[PDB]
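Here's a solo chain for you in structure tokens, the form deposited in one PDB entry.
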């Protein structure tokens, strides 16, 4: 029930952190997640991640028996929240999308080993802020990203890859958030990969020109023609009601 300054409440999952325990700080009442391991290198890399929309490490406690990571609490998943509601407004989707794009841009500027964005790593906290779980140590089910989010250049292997794969991922996420369905949908793997490689998908007509236009430039098969993260951040549609704290230093 007690560990350092924390009082254990219940167990939940937090994306790539797996099973964690919700705990309350014993003086401030702050909610926290405790990841108990019964690693050195993975902690150091996580300590480097300081963005408002990436899950933060607060502290590490040594139980001389177990290592306990004290990480940011986020008890919901973004896609759950999207599903458990009716079609959300373009402005709600953009709000979430801005937070994600900023976290991605941050990852690019610092030299952070690329992690395929997984739908299950997109968590939501109580402020309805996106919190990306970025951690890498379950694994008997799948060892790779969702095929539905994989870029043509990865799928074909025929090309090499870079930071433009994140633009493709983010383009699928943006499509999912606006349309409540996957752009590339197929039940059969080889069929799904054929549609992805050829860029075959439908843009619903209920979309605004701004939203449809941005998606269309993110879901470009040739990665050298794909819009960059930095240009996404200057897009007319993207920029609407954009909080300043999300901008990279050069755009502030």
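In this text, rigid core is short for the largest set of C-alphas that superpose within 1.5 Å between two forms. Residue numbers count along the first chain shown, from 1.
Note that the form deposited in another entry isn't included here; everything after this is about it.
At a threshold of 2 angstroms on the CA positions, core aligned, which residue out of 222, 63, 208, 195 shifts between the shown form and the other one? With the rigid core superposed, the residue that stands out is 63.
Once you line up the core, how about residue 242: does its CA shift reach 2 Å between the shown form and the other one? False for residue 242: its C-alpha shift is below 2 Å.
Rigid core superposed: residue 32 CA moves 2 Å or more between the shown form and the other one: Yes, shifts by 2 Å or more.
With both forms fit on the core, is the shift of the CA atom of residue 156 between the shown form and the other one 2 Å or larger? Shift at residue 156: 2 Å or more after core fit.
What happens to the Cα distance from residue 28 to residue 50 in that other deposited form: does it get closer or farther than here, with a change of 3 angstroms or more? Relative to this form, closer in that other deposited form.
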